[PDB]
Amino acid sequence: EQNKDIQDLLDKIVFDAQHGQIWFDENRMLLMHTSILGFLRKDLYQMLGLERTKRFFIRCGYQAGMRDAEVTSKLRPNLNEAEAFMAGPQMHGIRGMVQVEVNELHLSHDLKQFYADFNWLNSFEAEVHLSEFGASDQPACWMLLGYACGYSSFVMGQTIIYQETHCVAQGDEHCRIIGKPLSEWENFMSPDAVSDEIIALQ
């Protein structure tokens, strides 16, 4: 049944197996093993160190995020800014990456305001980090953080930074994140400048 909330997203997704294809509207898509991100993670971790590995993965989340936001942005006009926005959290779910449970979410584009506080349930990345590195001294959902930052930044037309305050990878129960405009914490290829600041986590 429904499950009616995300139905305009699913509608957009076509599975043509006899032809080797999958579509999210115009965009072509793949169904993948999380192994290939696990591998990328092990590899890069040792070729470059952690810092550069971390950045890379925020970058890749970021571009995914931006992309989903592009593809969904005309999509919900008879709904308010927030029911719209949630497009992002929802795709993250559809794509089998993480479950988004809204603790708080308020946003106004014109007022240039944003506050998101979300629980992140069964993060695919947290699993993957643990089964290659074990318990981390810090939160490890880098790709999911990037996507968050990427997706939101587009929808809000301004830079929006998130901090994972709890992570299953540190032995918290579930991961958790808070997101505000850049301006409200402490102190293009603008896309790559943003990646850098998500790296200054606390």
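Residues carry their position along the shown sequence, with the first being 1.
In the record comparison, residue 188 is unmodelled in at least a third of the other entries of this protein that model the residues flanking it.
Unmodelled residues of the deposited sequence between neighbouring positions residue 187 and residue 188 number 4 to 9. Between the stretches 132-140 and 161-169, it is 132-140 that shows the larger average CA temperature factor.
The stretch 23-31 shows the higher mean C-alpha B-factor when 23-31 is compared against 141-149 in the entry.
Among all modelled residues in its chain, residue 71 ranks in the middle third by Cα B-factor. When the CA B factors of the chain's modelled residues are split into thirds, the value for residue 117 lands in the lowest one. In the deposited entry, the Cα temperature factor of residue 84 sits in the middle third of values across the chain's modelled residues. Placement of the Cα temperature factor of residue 126 within the chain: middle third of the modelled residues, per the deposited record.
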